[PDB]
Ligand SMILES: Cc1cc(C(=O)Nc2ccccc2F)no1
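First comes one chain, alone, set out as structure tokens in the form deposited without this ligand.
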């Protein structure tokens, strides 16, 4: 469709170098993020329209939910390291917001075990160098873009999507306008 700077997206004053092509930030404590994931399927729709060779990166943030927010960022790194994102994303969102069975770090471990991950493997991953590095990358990425809130999506480390300037009257149209904006920006 037609896109205007300052409307469907905004340009960053300081372009982050080496940033992932499409970077999405979220928090398991974030209500609207739960909506984006479970109901709207924003990520899935954006993926369907992305050109060949463009990869989507999704990072968890620390600034929500206090000290537990930090543990979730580490648990997300474990999810990425084990490659079980699609198995634990909804269960974690529900555990924190819906059923409220996740009140501390040990509860996060149970979610993974329930998904079929061995406890020994989870524990080893939790303390791994790979995970400690991933936690560092996530925290740094947020700092580089001076992230103030979630959900958020950045393209080529230069643009940031602005759903507030998008047509929200019809949710099906909205989702497609969002995905089309990402696609348009990824080739700019």
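In this text, the rigid core denotes the largest set of C-alpha atoms whose superposition between the two forms falls within 1.5 Å. Positions refer to the first chain, counted from 1.
In what follows, reference is made to the form deposited with this ligand bound, a form of this protein that is not presented.
For the three marked residues, 33, 42 and 178, a heavy atom of each sits within 4.5 Å of this ligand in the entry with it bound.
Exactly one listed residue, out of 152, 134, 155, 125, brings a non-hydrogen atom to within 4.5 Å of this ligand in the entry with it bound: 152. In the entry with it bound, at least one heavy atom of residue 93 sits within 4.5 Å of a heavy atom of this ligand. Once the cores line up, the CA of residue 168 ends up 2 angstroms or more apart between the shown form and the other one.
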